[PDB]
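The chain that follows stands alone, in the form deposited in one PDB entry, written as structure tokens.
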């Protein structure tokens, strides 16, 4: 009664307590979800209405552990605020309880800021692609100065040649660069296709630098001289492969033919990602 409604209304006060206090805390880690969640009343959220909702493949920033059943964090999305996240055991328990009444881990740890990776317009290690990507890296360096780190990744991180240890340490380095929520951009030599990082926990923002016309790409390659035109076919084949991918495999597609327009598009996207990852106080 109000015998009981002493404790189970002081619990709600003590929960709202921690929740406001975590608003200022740093992000402990991020996860990419493999499942969706929307709270039902019977889920017994420490503060009613304060559970977050998400779909599979969303990203969550986790601040702290409230108890064994609930974490505190936010959906990485503009406007979304701190709330309760069900822990994996709580998700399992809801399923099990649901089955009883009627009678694949849910989270992957990923960097707190998704690393930006550029693919296209063709293969890296040739002039057209390396130079076009270089101009983009240089733009970002100044456009996001003070909020960004751009780093070369020579080790073959798609292997998660390069030893296992060398790959693991580069992966750990990328996680660390993102820990304080600055933008992270990789110049990753070996990555030419989005499917190359799909099995890692890097969860990149994949930027497709796309030349719409194969004729245009061929002419660009030829403009580099016969030392590059010797390798025309392998570059043309690779660009055609990117062009066959469904657009949803890419987070950003830069098909603008002017550097400044491609830069503005990418900057607008990353500025919005900055907002999604840095909620107002």
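Positions refer to the first chain, counted from 1. We call the rigid core the largest set of C-alpha positions that still match within 1.5 Å between the two forms.
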Note to self: Can you count the deposited residues that have no coordinates between residue 103 and residue 104 and report it as none, 1 to 3, 4 to 9, or 10 or more?
What the structure shows: 10 or more
Note to self: So residue 160 and residue 161 are neighbours in the shown sequence, but is anything from the deposited sequence left out between them? Give the count as none, 1 to 3, 4 to 9, or 10 or more.
What the structure shows: 10 or more
Check: So 79 to 87 or 135 to 143, which one's hotter by mean CA B-factor in the entry?
Finding: 79 to 87
Check: Should the higher mean CA B-factor in the entry be assigned to 119 to 127 or to 190 to 198?
Finding: 190 to 198
Next item on the list: Going by the CA temperature factor in the entry, name the top one among 155, 181, 206, 150.
Entry: 155
Notebook entry, point to check: Of the choices 114, 74, 173, 98, which one's C-alpha carries the largest B-factor in the record?
Noted result: 98
Next item on the list: Relative to the other modelled residues of the same chain, rank the CA B-factor of residue 36 and answer lowest, middle or highest third.
Entry: middle
Checklist line | residue 227 CA temperature factor, ranked by third within the chain | finding: highest
Checklist line | CA B-factor ranking of residue 65, expressed as a third of its chain | finding: highest
Next item on the list: Going by the recorded CA B-factors, say which third of the chain residue 272 sits in, lowest, middle or highest.
Entry: middle
Check: What third of its chain's C-alpha B-factors does residue 212 belong to: lowest, middle or highest?
Finding: middle
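Keep in mind that the form deposited in another entry is missing from the display, and what follows is about it.
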Next item on the list: Once the core is aligned, please say if the CA of residue 57 is shifted by at least 2 angstroms between this form and the one not shown.
Entry: no
Item checked: residue 150 C-alpha moves between this form and the one not shown by 2 Å or more, core aligned -> no
Check: Any CA movement of 2 Å or more for residue 40 between this form and the one not shown, core superposed?
Finding: yes
Item checked: Note on residue 42-residue 76 C-alpha separation in the other form, which departs from the shown form by 3 angstroms or more -> closer
Check: Relative to what is shown, are the Cα atoms of residue 41 and residue 11 closer or farther apart in the other form, where the gap shifts by 3 Å or more?
Finding: farther
